[PDB]
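Novice: Following this message is one structure expressed as structure tokens.
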Amino acid sequence: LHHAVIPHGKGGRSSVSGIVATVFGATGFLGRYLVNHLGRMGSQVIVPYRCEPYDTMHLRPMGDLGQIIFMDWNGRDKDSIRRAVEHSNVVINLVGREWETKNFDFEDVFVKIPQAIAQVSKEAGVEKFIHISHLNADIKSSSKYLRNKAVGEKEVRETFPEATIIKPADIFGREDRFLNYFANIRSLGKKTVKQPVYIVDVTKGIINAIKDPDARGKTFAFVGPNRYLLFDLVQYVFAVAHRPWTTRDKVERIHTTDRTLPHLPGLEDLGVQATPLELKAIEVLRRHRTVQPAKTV
Amino acid sequence: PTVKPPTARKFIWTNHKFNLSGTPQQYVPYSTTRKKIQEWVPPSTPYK
Amino acid sequence: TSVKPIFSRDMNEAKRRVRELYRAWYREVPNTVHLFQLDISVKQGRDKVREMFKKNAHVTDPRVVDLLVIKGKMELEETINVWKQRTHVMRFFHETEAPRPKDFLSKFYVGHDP
Amino acid sequence: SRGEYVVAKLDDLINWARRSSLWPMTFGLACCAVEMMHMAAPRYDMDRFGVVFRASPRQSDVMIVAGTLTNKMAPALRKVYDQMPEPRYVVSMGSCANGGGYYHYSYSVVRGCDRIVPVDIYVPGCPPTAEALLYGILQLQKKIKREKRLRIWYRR
Amino acid sequence: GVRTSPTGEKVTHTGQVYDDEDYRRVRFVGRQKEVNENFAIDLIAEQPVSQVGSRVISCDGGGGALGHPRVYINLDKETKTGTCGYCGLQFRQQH
Amino acid sequence: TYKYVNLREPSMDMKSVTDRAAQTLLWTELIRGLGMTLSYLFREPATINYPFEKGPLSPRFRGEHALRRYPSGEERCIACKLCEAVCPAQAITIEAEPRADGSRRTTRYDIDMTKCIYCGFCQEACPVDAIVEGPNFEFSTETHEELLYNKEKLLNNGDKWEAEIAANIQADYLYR
Amino acid sequence: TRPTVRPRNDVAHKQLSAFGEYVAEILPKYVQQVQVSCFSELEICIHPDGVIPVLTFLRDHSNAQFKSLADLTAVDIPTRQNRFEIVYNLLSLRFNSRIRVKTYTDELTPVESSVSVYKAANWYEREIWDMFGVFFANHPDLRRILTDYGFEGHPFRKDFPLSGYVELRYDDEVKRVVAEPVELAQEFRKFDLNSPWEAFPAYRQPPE
Amino acid sequence: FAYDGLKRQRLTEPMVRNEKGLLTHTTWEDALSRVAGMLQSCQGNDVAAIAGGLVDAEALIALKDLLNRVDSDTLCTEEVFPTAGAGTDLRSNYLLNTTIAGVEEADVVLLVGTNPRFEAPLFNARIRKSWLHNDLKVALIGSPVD
Ligand SMILES: CCCCCCCCCCCCCCCCCC(=O)OC[C@H](COP(=O)(O)OCCN)OC(=O)CCCCCCCCCCCCCCCCC
Ligand SMILES: NC(=O)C1=CN([C@@H]2O[C@H](COP(=O)(O)OP(=O)(O)OC[C@H]3O[C@@H](n4cnc5c(N)ncnc54)[C@H](OP(=O)(O)O)[C@@H]3O)[C@@H](O)[C@H]2O)C=CC1
Ligand code: SF4
Ligand code: SF4
Ligand code: SF4
Ligand SMILES: [Zn+2]
């Protein structure tokens, strides 16, 4: 282990954690809190960004001087991926779109780009790789999202055999598109059962998966502590928010139940206690204001 | 400098560069010292 | 050993002032959680008040606990009048700080601090 | 292509209007406020660049952090920053706003305003002169001139 | 006289270059390592040794009060030249 | 040795009373203010055309730092650390060793330009005129760590601005 | 010793020594020392129970009339058991003169507030609460004046470190400016500058 | 001048033997576990210790308590002192009992089997100061060293 990557300090902002992290997709929602929790340890966070540099400004106070290296990359340029990962000791993937675009479909975002990142990270000597799938990923799933994400998970597993693949159920938080989706829909109630996971629990799970050497080659299912039906969940969202852009793929995924995978470990086997919805939903939905808790199963 | 030229030197930049900040020619800081503590290298031969 | 007091003549008047300051904090906590719109419960803030009062419970000097009551009244005055922001109230909850190693072995693993 | 030409010309238009009409909200913290008041004085005259003098913090386009940021005022700085409409920019003026400065090792000073807000232009000096602050404002304008919001929107 | 590591990184006049397996080369990715290519150790070697007929020479680096504090150098060793401690200009007694 | 500002008892004859009442009813001092503002409307303004026109500076001006060289290529810094003992901000970090020919030279010469108060105690404490605070003031960066200068950046500022720095020192050194 | 040496003012030295004797003999209940510096500044070191009777004297007495409180100061000297040294600087505009009234306390003994004599003291001794921790009894509004609102400790105490114990940064997880234990990317470098040779033989203390 | 060996050849990370029989770097958990698994399988004379020349009394009594939990008394030093007779029971037969300062009070010093110029150079400096100022008579039994 090299002398510059030995940890030092008391784990604060000016400390050294020995984590040289390349977070693909740090400009989004999971990457926000992930770069926050990495940089507050004193980790060398490499942020490959695709967007305008203005849209990366919030990542800049998240660490000490020189501890966030921004650089350009393309999903169809393996040279830029190698230019981003050739010094990192961990590579986290967080590339995702809820909607397919003119230049990237779900096959590009969930299959081609994660396999490219994992292949280049294998042939660059990166120790640790973390992939973020979805809990309901299935080949025979109704939505194209979960089909291509199951395909990309299989490809990441077969091209990086030690890839820590993580299954969040439905991540809620401030900049989420789950509770902010329900508070701004003003779809319906069915027999769909969900257990949504909190974003800080997911971030602590990812960083404890970095820190646990036994999490290599594993597959985790980051689920919340309380399973809810869809209907009383949506009624609880409209009860907290003081209320009386979509596609059919999101309609299929909201009416897709969060499956139970007891053979996979979860948040507790990384040392993270799951934060329930009712302690954070007021914090999420206070912005939407111009409460009896939901029924669990 | 046409009337009173500056005194020439062999180390003065013949090509003046403008502010390079924001370009790939910008300044990146680093520690200009070498490594202080030297680590022990274990022997590459077996011990039996 | 004959010293000039601050307010209290012995420990009984001192504990009386501690107790009235505790009453004032206990009454104030729901107002503080409302108007700072804190994301903690009222019970969580009241547990923090009980923690901040039990932290100084080892003191037997009347002048020292008189100064603790005075500084607690100052903190309460900065709380009731909105002089603190939400950030100053939530600095009692060390929420961005990672949990410190407690036993010998984890402190051995992380570094050199005893 | 054709749409690439359209988003190029529209980026040129909106970047022209955003760099040629910067409205600053200046935090008059410390001695750097005096030199910002000289950058508004007749010799340097920010107003001839379209850079108005003292816009209100809810219609301003750029926050000039001019002076020392202490621990007692850092939440007020972050509050004013969060209340700015986007696109918002931050010019850090002087050594105390940049990195703590002459009060860097103090108990009551935020070691640079970049621990609090994302900073675009770091203007160095104690204080940097009104000409140097005007240099930093024109460098901010050049930074806005090369923004590619619609080109990246078209390529996403 | 700048040289180059097997990583392609330029070595400074100190001798500083990062290791290949050091992560801190990622700060120069997409940017440049600013080195100064005028090495003073080579530039003072280019200066000729001043043959003087005295036994003790005085050096102030030229320019009078624009050089260094004025020092006096002994030239009684004939194997070694008399090197100024400030400017590195080395002197020799000609006899 | 003192004077009374605003201790004028006004006249009460009908002349001065009617003068003050005409000033009240006909707004004499308001037209005096409009006249002064109209007078500055027709003056040539004091605005210089930056960046094309520059504000006037003196050769004493204290801007960007630069490590200098002797007129042979040899650098002037003999690693004596007076500039970091005198530095009021502790912006200067110096580490030294004898180099390959035995000269007392630095390996680390850092200046944090965001700690620096630009007061020039380093150039006046320097016994050999190595560190100077040159005339560049237009060196704003887009990133905080670009204002954290090492020895390479400072020697490059010396090589970049020596043709100006030497002339400024030549113009000023008999005051020093 | 004409050009480079400060000229001594013997007239003001004699006048301030005489007025120091005057104050010491009018108020022997509290005056502990009276001294005059070589640059002619009078210090009246008193007992802390006589903060109000001395200061009301100098403010009101017809031979004193120290109507102005210029400055009020504490000095932390930890080697004394009464570590804090409360310093009053007074200006008589009538007699064109200045006096210094010095007293002492530790952390736990209160000093009586001098707002009943100089209302100017209302903030100054309040600053002495903020920076040093000296409590002032019967003060109108005693609270902090300069430190941040949740600030623990009194900063100008000499056992308090230069940088504090905490530092702030914005944290986007909790969307809040937060406090954390202080870590410095570069430590403050401590310079041991004192020469081991005696500088001033007039100020030599006798050995053990 | 030996403080620069204090920055060369240093052990900075725990090392364990890999599958090829070579020392490779590892964490503290792995190294302490691979030592403690063997320490739990020992008892009696199965485990022993050698104390080197530069070990403080804290680590000495630490490793003594650790091996006494295994019921092992076999804890040794490199430098051989004879255990015959009183041994290390009385402190007086393994100390410089007079003192380093007591050389100034002696009149005859007999040095036996030692070259104290290089074994204890400031003890020899104190013998030389007593030789110079107090007319100390020194005799040596051993090789005629300087
Ligand atoms: C299909 C393809 C087309 C798609 C739609 C676009 C239609 C045309 C839109 C207007 C023109 C777009 C191009 C904008 C300018 C691009 C070039 C540029 O930036 O030139 C810079 C130049 C000044 O240079 P500068 O960088 O400011 O230098 C500082 C001083 N040395 O700048 C100048 O000299 C001035 C630039 C002025 C820009 C045009 C004038 C303003 C816009 C008018 C039309 C829109 C508004 C209509 C009315 C609104 C209500 C009043
Ligand atoms: N509720 C949730 O958030 C959950 C998310 N997940 C999965 O976790 C991952 C991250 O989630 P999340 O942060 O919420 O999603 P976001 O859409 O908010 O973030 C995706 C990130 O990837 C980047 N990105 C997207 N498409 C591309 C592309 N074609 N090429 C390059 N970069 C691209 C985005 O950058 P830019 O801004 O430049 O477009 C952004 O930084 C996704 O894979 C998602 O499926 C799983 C379970 C729950
Ligand atoms: S950087 Fe210096 S001159 Fe500028 S405001 Fe700060 S203290 Fe004043
Ligand atoms: S720059 Fe000057 S003062 Fe500083 S160490 Fe070098 S020679 Fe000494
Ligand atoms: S100008 Fe002053 S603060 Fe700046 S490096 Fe020189 S001595 Fe230090
Ligand atoms: Zn010389």
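Please note that chains go A, B, ... in the order of the structure tokens, that every chain numbers its residues from 1, and that ligands are numbered from 1 in the order shown.
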Please, which residues in chain F fall within 9 Å of chain D when counting only C-alpha atoms, and what is the closest atom pair and distance in Å to one decimal for each, ordered by chain then residue number, as a tab-separated table?

Specialist:
```
residue	atom	partner	partner_atom	distance
F:45	CA	D:42	CA	7.3
F:46	CA	D:43	CA	5.3
F:47	CA	D:43	CA	4.3
F:48	CA	D:43	CA	5.7
F:49	CA	D:44	CA	7.9
F:50	CA	D:44	CA	7.2
F:51	CA	D:135	CA	7.9
F:54	CA	D:131	CA	7.9
F:55	CA	D:131	CA	7.1
F:63	CA	D:125	CA	7.6
F:64	CA	D:125	CA	8.8
F:88	CA	D:102	CA	7.5
F:89	CA	D:102	CA	5.2
F:90	CA	D:102	CA	8.6
F:91	CA	D:101	CA	8.8
F:112	CA	D:99	CA	8.7
F:113	CA	D:124	CA	7.0
F:114	CA	D:95	CA	4.6
F:115	CA	D:101	CA	3.9
F:116	CA	D:101	CA	6.1
F:117	CA	D:126	CA	5.1
F:118	CA	D:126	CA	5.9
F:119	CA	D:126	CA	8.1
F:137	CA	D:132	CA	5.9
F:138	CA	D:132	CA	5.5
F:139	CA	D:124	CA	7.4
F:140	CA	D:123	CA	4.8
F:141	CA	D:122	CA	5.4
F:142	CA	D:121	CA	4.7
F:143	CA	D:122	CA	6.6
F:144	CA	D:122	CA	6.6
F:147	CA	D:124	CA	7.9
```

Novice: Give me, as a ChimeraX atom specification, the residues of chain B touching chain F, with the criterion being at most 12 Å (counting only C-alpha atoms).

Specialist: /B:1,4-23,25-36

Novice: Limited to N, CA and C atoms, could you put the picked residues into a file as a CSV table (one decimal), in the first residue's frame?

Specialist:
```
chain,number,residue,atom,x,y,z
B,1,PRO,N,9.5,50.8,-23.8
B,1,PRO,CA,10.6,49.9,-24.1
B,1,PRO,C,11.3,50.1,-25.5
B,4,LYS,N,13.8,53.2,-24.0
B,4,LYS,CA,14.6,52.5,-23.0
B,4,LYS,C,14.3,51.0,-22.9
B,5,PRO,N,15.0,50.2,-23.6
B,5,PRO,CA,14.7,48.7,-23.6
B,5,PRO,C,15.0,48.1,-22.2
B,6,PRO,N,14.3,47.0,-21.9
B,6,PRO,CA,14.7,46.3,-20.6
B,6,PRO,C,16.0,45.5,-20.8
B,7,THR,N,16.7,45.4,-19.7
B,7,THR,CA,18.0,44.7,-19.8
B,7,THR,C,17.7,43.2,-20.0
B,8,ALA,N,18.3,42.7,-21.1
B,8,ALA,CA,18.0,41.3,-21.5
B,8,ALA,C,18.8,40.3,-20.6
B,9,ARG,N,18.2,39.1,-20.5
B,9,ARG,CA,18.7,38.0,-19.7
B,9,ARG,C,18.5,36.7,-20.5
B,10,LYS,N,19.2,35.7,-20.2
B,10,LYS,CA,19.0,34.4,-20.9
B,10,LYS,C,17.8,33.6,-20.3
B,11,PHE,N,17.2,34.0,-19.2
B,11,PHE,CA,16.2,33.3,-18.6
B,11,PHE,C,14.8,34.0,-18.6
B,12,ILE,N,14.7,35.2,-19.1
B,12,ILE,CA,13.5,35.9,-19.3
B,12,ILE,C,12.7,35.3,-20.4
B,13,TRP,N,11.4,35.1,-20.2
B,13,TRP,CA,10.5,34.5,-21.2
B,13,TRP,C,10.5,35.3,-22.5
B,14,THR,N,10.9,34.7,-23.6
B,14,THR,CA,10.8,35.4,-24.9
B,14,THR,C,9.4,35.4,-25.3
B,15,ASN,N,8.5,34.5,-24.8
B,15,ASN,CA,7.1,34.5,-25.2
B,15,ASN,C,6.3,34.8,-23.9
B,16,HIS,N,5.7,36.0,-23.8
B,16,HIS,CA,4.8,36.3,-22.7
B,16,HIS,C,3.5,35.6,-22.8
B,17,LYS,N,3.1,34.9,-21.8
B,17,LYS,CA,1.8,34.2,-21.7
B,17,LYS,C,0.9,35.0,-20.9
B,18,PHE,N,-0.4,35.0,-21.4
B,18,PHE,CA,-1.5,35.7,-20.6
B,18,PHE,C,-2.0,34.8,-19.5
B,19,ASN,N,-3.1,35.2,-18.9
B,19,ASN,CA,-3.6,34.4,-17.8
B,19,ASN,C,-4.2,33.1,-18.3
B,20,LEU,N,-3.6,32.0,-17.8
B,20,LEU,CA,-3.9,30.7,-18.3
B,20,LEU,C,-5.0,30.0,-17.4
B,21,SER,N,-5.6,30.7,-16.5
B,21,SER,CA,-6.5,30.1,-15.6
B,21,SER,C,-7.8,29.8,-16.3
B,22,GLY,N,-8.3,28.5,-16.1
B,22,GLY,CA,-9.5,28.0,-16.9
B,22,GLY,C,-9.1,27.2,-18.1
B,23,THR,N,-7.9,27.3,-18.5
B,23,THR,CA,-7.4,26.5,-19.7
B,23,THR,C,-6.7,25.3,-19.2
B,25,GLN,N,-3.6,24.8,-19.7
B,25,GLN,CA,-2.3,25.3,-19.3
B,25,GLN,C,-2.3,26.0,-18.0
B,26,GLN,N,-3.3,25.8,-17.1
B,26,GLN,CA,-3.3,26.5,-15.9
B,26,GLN,C,-2.4,25.8,-14.8
B,27,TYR,N,-2.2,26.5,-13.7
B,27,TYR,CA,-1.3,26.0,-12.7
B,27,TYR,C,-2.0,25.0,-11.8
B,28,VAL,N,-1.3,23.9,-11.5
B,28,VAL,CA,-1.8,22.9,-10.5
B,28,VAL,C,-0.7,22.8,-9.5
B,29,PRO,N,-1.0,23.0,-8.2
B,29,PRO,CA,0.0,23.0,-7.2
B,29,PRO,C,0.4,21.6,-6.7
B,30,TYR,N,1.6,21.5,-6.2
B,30,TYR,CA,2.1,20.2,-5.7
B,30,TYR,C,3.3,20.5,-4.8
B,31,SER,N,3.5,19.5,-3.9
B,31,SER,CA,4.6,19.5,-3.0
B,31,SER,C,5.9,19.3,-3.8
B,32,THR,N,6.8,20.3,-3.8
B,32,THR,CA,8.1,20.2,-4.6
B,32,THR,C,9.2,19.6,-3.8
B,33,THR,N,8.9,18.8,-2.7
B,33,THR,CA,9.9,18.1,-2.0
B,33,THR,C,9.8,16.6,-2.3
B,34,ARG,N,10.8,15.9,-2.0
B,34,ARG,CA,10.8,14.4,-2.2
B,34,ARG,C,10.3,13.7,-0.9
B,35,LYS,N,10.3,12.4,-0.9
B,35,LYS,CA,9.7,11.6,0.2
B,35,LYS,C,10.7,11.6,1.3
B,36,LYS,N,10.1,11.8,2.5
B,36,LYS,CA,10.9,12.0,3.7
B,36,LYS,C,11.3,10.6,4.3
```

Novice: Taking only segment 4-93 of chain E into account, list the residues labelled helix (DSSP H, G or I) by DSSP (computed from the backbone), as a PyMOL selection string.

Specialist: chain E and resi 23-28+40-43+64-66

Novice: Given only C-alpha atoms and all ligand atoms as the basis, pick out the residue of E:9, E:19, E:60, E:76 nearest to ligand 6.

Specialist: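 Of E:9, E:19, E:60, E:76, the one nearest ligand 6, counting only C-alpha atoms and all ligand atoms, is E:60.
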
Novice: Using only C-alpha atoms and all ligand atoms, determine which residues fall within 7 Å of ligand 2, then list them as a PDB file with C-alpha atoms, in the first residue's frame.

Specialist:
```pdb
ATOM      1  CA  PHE A  24     -19.448   8.402 -12.265  1.00  0.00           C
ATOM      2  CA  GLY A  25     -22.672  10.354 -12.117  1.00  0.00           C
ATOM      3  CA  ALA A  26     -21.788  12.596  -9.182  1.00  0.00           C
ATOM      4  CA  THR A  27     -23.809  15.468 -10.665  1.00  0.00           C
ATOM      5  CA  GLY A  28     -27.094  13.703  -9.846  1.00  0.00           C
ATOM      6  CA  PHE A  29     -28.951  12.847  -6.650  1.00  0.00           C
ATOM      7  CA  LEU A  30     -27.027   9.906  -5.187  1.00  0.00           C
ATOM      8  CA  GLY A  31     -23.715  11.427  -6.229  1.00  0.00           C
ATOM      9  CA  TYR A  49     -18.913  15.265 -15.437  1.00  0.00           C
ATOM     10  CA  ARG A  50     -20.823  15.353 -18.709  1.00  0.00           C
ATOM     11  CA  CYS A  51     -22.855  18.502 -18.090  1.00  0.00           C
ATOM     12  CA  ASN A  74     -18.223  10.665 -22.429  1.00  0.00           C
ATOM     13  CA  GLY A  75     -20.202   7.453 -22.099  1.00  0.00           C
ATOM     14  CA  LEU A  94     -24.227   6.102 -10.558  1.00  0.00           C
ATOM     15  CA  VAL A  95     -25.204   6.770 -14.194  1.00  0.00           C
ATOM     16  CA  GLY A  96     -28.971   6.710 -14.632  1.00  0.00           C
ATOM     17  CA  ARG A  97     -31.932   8.264 -16.386  1.00  0.00           C
ATOM     18  CA  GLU A  98     -35.586   7.755 -15.540  1.00  0.00           C
ATOM     19  CA  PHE A 104     -29.090   7.629 -24.926  1.00  0.00           C
ATOM     20  CA  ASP A 108     -26.973   2.882 -23.447  1.00  0.00           C
ATOM     21  CA  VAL A 109     -27.278   4.145 -19.872  1.00  0.00           C
ATOM     22  CA  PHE A 110     -27.704   0.815 -18.049  1.00  0.00           C
ATOM     23  CA  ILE A 132     -25.953   0.537  -8.337  1.00  0.00           C
ATOM     24  CA  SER A 133     -28.846  -1.485  -9.753  1.00  0.00           C
ATOM     25  CA  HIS A 134     -32.515  -1.366  -8.679  1.00  0.00           C
ATOM     26  CA  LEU A 135     -34.271  -3.781  -6.332  1.00  0.00           C
ATOM     27  CA  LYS A 167     -30.111  -2.853  -4.914  1.00  0.00           C
ATOM     28  CA  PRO A 168     -31.893   0.195  -3.502  1.00  0.00           C
ATOM     29  CA  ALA A 169     -35.657  -0.102  -3.458  1.00  0.00           C
ATOM     30  CA  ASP A 170     -36.987   3.457  -3.904  1.00  0.00           C
ATOM     31  CA  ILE A 171     -34.647   6.155  -2.647  1.00  0.00           C
ATOM     32  CA  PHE A 172     -36.337   9.127  -1.001  1.00  0.00           C
ATOM     33  CA  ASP A 176     -35.483  12.633  -5.033  1.00  0.00           C
ATOM     34  CA  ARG A 177     -38.007  11.785  -7.718  1.00  0.00           C
ATOM     35  CA  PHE A 178     -40.050   9.535  -5.434  1.00  0.00           C
TER      36      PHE A 178
ATOM     37  CA  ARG D 156     -28.131  15.000 -23.789  1.00  0.00           C
TER      38      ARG D 156
END
```

Novice: When you draw a straight line from atom CA of residue 14 of chain H to atom CA of residue 3 of chain A, how long is it in Å?

Specialist: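 That distance, rounded to one decimal, is 13.0 Å.
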